[PDB]
Every structure is written in C-alpha cells, then in structure tokens.
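To start, the structure under review is shown below, and the notes come after it.
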Amino acid sequence: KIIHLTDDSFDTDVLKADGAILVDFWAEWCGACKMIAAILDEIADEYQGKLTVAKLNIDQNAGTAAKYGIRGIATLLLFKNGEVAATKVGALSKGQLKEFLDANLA
C-alpha cells in the first residue's frame, strides 16, 4: 500500500491529499535510505487508517527534492493538508519511527 510518487504526481498524491502522508525521500546510493526502506512496509500496515506512506526517488525526481531542500540525504517528511507537519533526517529504527509518528499524528 505504499504510493509511488513522481514529480508529475506529487501535487495530487501528496499536497492535495486527504489524511496525513508520510513521504520517504530516497536514492539508490544511500545506505541510510535502505535502513528506512526496511521498516516502511510494516509501518504502513500498522498505521493503516490514519496514515498513507509514499516514496519519492530523488534521483529520478529532482524537482520535488529540490523544493524541500532534501540535498541527497535520507529524509522523511510528514504532510498534512499540503504542508510539512514534521521532519526526520537520516536513518532511524522501527522504534524511533513509531515515536516520530505517534508524536506527530493526531
């Protein structure tokens, strides 16, 4: 149930979205990105109903990565109503991601 994002679809899929959206900004040559990838599916399943998880490859979608100042580093942005509600940069554990979501979701 993870949404695949492109520069083309970001507005519709994320900014014009209903409900909180967790966007994972990632790249292939990025080790922290793989640690985050490893835990996203479980998280998506556990927060179904109050969160949607999405991925944007920043090598293929340089437009949106530039807009949010990603600068090539593993980044999670939580979106609500077209705005960034919370930010996490770099690798983190299943536990730290649960904390992040629980602290920043209703």
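By convention here, the chains of the structure tokens are called A, B, ... in the order presented, each chain's residues are numbered starting at 1, and ligands are numbered starting at 1 in the order presented.
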Item to check | Selection: 10 Å around segment 33-47 of chain A, only C-alpha atoms, excl. self and same-chain fewer than 4 positions, as a ChimeraX atom specification | outcome: /A:1-2,22,24-29,51-55,73-76,90-95,97-98,101-102
Save the residues we just selected, C-alpha atoms, as a JSON list (two decimals), in the first residue's frame?
[["chain", "number", "residue", "atom", "x", "y", "z"],
["A", 1, "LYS", "CA", 0.00, 0.00, 0.00],
["A", 2, "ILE", "CA", 2.96, 2.36, -0.44],
["A", 22, "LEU", "CA", 4.50, 10.11, 5.16],
["A", 24, "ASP", "CA", 10.16, 8.86, 2.10],
["A", 25, "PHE", "CA", 12.76, 10.77, 0.02],
["A", 26, "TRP", "CA", 15.34, 8.25, -1.09],
["A", 27, "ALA", "CA", 18.11, 7.35, -3.51],
["A", 28, "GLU", "CA", 19.90, 4.15, -4.56],
["A", 29, "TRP", "CA", 23.39, 5.26, -3.49],
["A", 51, "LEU", "CA", -1.57, 7.35, 7.57],
["A", 52, "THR", "CA", -0.55, 6.79, 3.97],
["A", 53, "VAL", "CA", 3.08, 6.02, 3.15],
["A", 54, "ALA", "CA", 4.71, 7.20, -0.09],
["A", 55, "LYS", "CA", 8.12, 7.09, -1.75],
["A", 73, "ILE", "CA", 20.13, 12.74, 2.37],
["A", 74, "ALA", "CA", 17.56, 10.16, 3.56],
["A", 75, "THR", "CA", 14.53, 12.22, 4.62],
["A", 76, "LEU", "CA", 11.04, 11.57, 5.94],
["A", 90, "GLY", "CA", 18.74, 10.26, 8.43],
["A", 91, "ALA", "CA", 18.47, 6.62, 9.49],
["A", 92, "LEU", "CA", 16.30, 5.52, 12.40],
["A", 93, "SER", "CA", 14.93, 2.35, 13.97],
["A", 94, "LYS", "CA", 11.45, 0.87, 13.91],
["A", 95, "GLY", "CA", 11.13, 2.27, 17.42],
["A", 97, "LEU", "CA", 9.87, 5.90, 13.54],
["A", 98, "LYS", "CA", 6.95, 4.78, 15.71],
["A", 101, "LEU", "CA", 4.61, 9.11, 14.01],
["A", 102, "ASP", "CA", 2.94, 8.86, 17.43]]
Next on the checklist: Can you pull out the residues contacting residue 84 of chain A? Cut-off 12 Å, using only C-alpha atoms, and skip same-chain residues under 2 positions away; I want them as an MDAnalysis selection string.
Outcome noted: chainID A and resid 14:15 20:23 67:68 76:82 86:88 104
Written file, previous selection with C-alpha atoms, as a short mmCIF file (atom, residue, chain, number, x, y, z; two decimals), in the first residue's frame:
data_model
loop_
_atom_site.label_atom_id
_atom_site.label_comp_id
_atom_site.auth_asym_id
_atom_site.auth_seq_id
_atom_site.Cartn_x
_atom_site.Cartn_y
_atom_site.Cartn_z
CA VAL A 14 0.62 14.46 -1.55
CA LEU A 15 -0.31 18.15 -1.47
CA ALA A 20 -1.55 12.51 6.83
CA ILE A 21 1.03 11.37 4.27
CA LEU A 22 4.50 10.11 5.16
CA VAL A 23 6.85 10.76 2.24
CA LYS A 67 11.76 22.10 -3.44
CA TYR A 68 12.06 20.54 0.02
CA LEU A 76 11.04 11.57 5.94
CA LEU A 77 8.51 14.39 5.72
CA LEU A 78 5.06 14.07 7.28
CA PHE A 79 2.46 16.05 5.29
CA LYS A 80 -0.92 17.34 6.47
CA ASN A 81 -3.21 19.40 4.26
CA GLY A 82 -0.46 20.27 1.80
CA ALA A 86 7.14 17.17 10.82
CA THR A 87 10.61 16.26 9.61
CA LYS A 88 13.11 13.47 10.18
CA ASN A 104 3.13 13.96 15.24
#
Item to check | Per-residue DSSP, chain A, filtered to strand (DSSP E), as a ChimeraX atom specification | outcome: /A:3-4,21-26,52-57,75-80,83-89
Checklist entry - Could you pull out all residues of chain A with a DSSP call of helix (DSSP H, G or I) and give them as number ranges by chain? => result A: 10-15, 31-46, 62-67, 94-104
Checklist entry - Counting only C-alpha atoms, which of A:49, A:63, A:31, A:72 gets nearest to residue 11 of chain A? => result A:63
